[PDB]
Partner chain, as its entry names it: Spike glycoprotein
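What follows is a single chain, given as structure tokens, in the form deposited without its partner chain.
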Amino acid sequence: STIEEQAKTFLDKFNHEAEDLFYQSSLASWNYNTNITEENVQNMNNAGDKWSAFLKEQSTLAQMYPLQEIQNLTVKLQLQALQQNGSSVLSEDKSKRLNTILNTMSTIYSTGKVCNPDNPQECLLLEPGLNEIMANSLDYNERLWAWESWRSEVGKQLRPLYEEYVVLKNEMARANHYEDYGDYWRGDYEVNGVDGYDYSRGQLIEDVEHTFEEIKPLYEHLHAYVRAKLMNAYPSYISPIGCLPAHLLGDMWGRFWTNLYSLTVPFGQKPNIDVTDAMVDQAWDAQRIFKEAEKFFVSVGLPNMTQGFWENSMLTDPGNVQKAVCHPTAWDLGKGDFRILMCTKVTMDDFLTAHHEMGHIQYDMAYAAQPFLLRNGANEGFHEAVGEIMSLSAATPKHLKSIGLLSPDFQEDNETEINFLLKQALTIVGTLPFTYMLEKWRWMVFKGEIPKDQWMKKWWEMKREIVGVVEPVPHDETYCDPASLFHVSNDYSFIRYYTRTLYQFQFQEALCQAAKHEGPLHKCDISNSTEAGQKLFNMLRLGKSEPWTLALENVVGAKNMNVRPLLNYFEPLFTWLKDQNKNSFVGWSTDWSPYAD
């Protein structure tokens, strides 16, 4: 018939061959990421390059097809996803150099060891060690050793590689008819030509700026509280009113403040709801954590997990004999198999991460019936949002008492709510400003507003004015501190997590309203609420077949990301936290630092 039916047949044979090729390439990537060797680097690289070449030739074959013939909007979405000139636009030599840079950075981050001379010989890894050191130690010099070591012995390696990566990705994106590579990352969030549902990328950065500006008060108050507590626990190292050093955040870079809970518990005379001790005293392992996640998903109405998931998942650390990337991940490999890469420890952070990854897997399992090009979540934000909906619904004291892991006689009082909310605020409201600042730096450095050396200066300055976190030792232009993070050195997008927080809070509000939970939202548990699970199932089975705004309004009834549910979560918190800092200076001066005197 006409070219429309020809395009339909094109899509059919594409989806078949692409299913096969994607399964093979995903297998190669998985075997690289769990069994890191050189043979696996070669296998992953050649499989990925072959798949990319096939995708680019199919993309040209689709570029033969004007989109003006489209009646079915789903078909338009599929061809538009196929209409890319793609990252393969670059020259083969240039593409190989870029891939070399990316791989070199990936291995330097995931395997490069710390050998610092401040403790004159000290060599360790990122996994238990540096992370555990920054998470469990309450002494200044040890934290300074860890921080300065990771920054001056690993960032200096990645400074030239990140420079080359920035240049190559920026020019490739300009070849792809984009302003920069941050433009590619933002244009991932595009919605085009759907009856008034359209969404640009400049509107996305404007929305992120607006939401951050609205958030800022709460994070400022939480900052002031945690700084007062640290100065109480660190006598002569946190100077009175200003910021505090970067190694004092219970995390390597200062992304999560949940560990500071141990130091910043508001009411310690109550039973601990951050139950790591309860888990270890209950003889808990990774498998039981994952199985309780499966039980939660069954009880919310979603079907039980696949046997192949149990058989083929890397549910624990493979060991120190092989250096597998231990940053938790969730994988589709196609054809009906699903995997989780979790180096699971017995800790609330790992329990919540396991729930997050199981939500990822359920999201992946629901839309598997869709065609290949739409076999992906409506956004990265939606995947992570589903995962942390599950995580938030788990953490309620009522749920903890449901499995009997929390004592059945445990009493729910005001101080328990304050403890719960302070922990949740530490986590979420410590990620938010850090992610916003980090991707602001990445966006504006890709766009080219910063001279190359000035990179470093600019970076630190913005932290001092956005995250309220400073350095104790000078770092000139020869360092590369941003690359010290996983996502920065693995070509990831970090605003994904900001959208994650906002989306998960809107979804939790709407889903608890659907579940008819009676009471405040922050104790709502959507377990045993099969109809709520059915609604969520509809949303995350929709897939990418419709614009993400449509699924947004399908669940909550909004056309955009909103900050209202998040502030409705931490309202009793905000009250208590304001009540405590009534006699404290909430805020930090930009030119004010224990180092930058």
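Positions refer to the first chain, counted from 1. Note that the rigid core is defined as the largest set of C-alphas that superpose within 1.5 Å between two forms.
Heads up, the form deposited with its partner chain bound isn't pictured, but that's what we're talking about next.
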- Query: Though its partner chain is not shown, can you say which of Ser584, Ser589, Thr575, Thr9 has a heavy atom within 4.5 Å of it in the deposited bound form?
  - Reply: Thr9
- Contacting member of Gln157, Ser484, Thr276, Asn312, with respect to its partner chain in the deposited bound form [4.5 Å, heavy atom]: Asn312
- Message: Just checking whether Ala558 would be counted as a contact of its partner chain in the deposited bound form - the rule being heavy atoms within 4.5 angstroms.
- Response: no
- Task: Verify the contact flag for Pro271: yes if a non-hydrogen atom of it lies within 4.5 Å of a non-hydrogen atom of its partner chain in the deposited bound form, no if not.
- Result: no
- Message: Is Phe537 part of the interface with its partner chain in the deposited bound form - any heavy atom within 4.5 Å?
- Response: no
- Message: So, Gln24 and its partner chain: in the deposited bound form, are they within 4.5 Å at any heavy atom pair?
- Response: yes
- Query: For the chain shown here without its partner, which stretch in 236 to 244, 500 to 508, 427 to 435, 335 to 343 has non-hydrogen atoms within 4.5 angstroms of its partner chain in the deposited bound form?
  - Reply: 335 to 343
- Listed by sequence position, which residues of 457 to 484 have a non-hydrogen atom within 4.5 angstroms of its partner chain in the deposited bound form? none
- Note on the structure: Core-superposed between the shown form and the other one, the one of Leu341, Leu98, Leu144, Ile205 with a C-alpha shift of 2 Å or more is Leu341
- Message: Rigid core aligned, does the Cα position of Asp285 differ by 2 Å or more between the shown form and the other one?
- Response: yes
- Query: Is there a C-alpha shift of 2 Å or more at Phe507 between the shown form and the other one once the rigid core is superposed?
  - Reply: no
- Query: Quick one: core overlaid, is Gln322 moving 2 Å or more at the Cα between the shown form and the other one?
  - Reply: yes
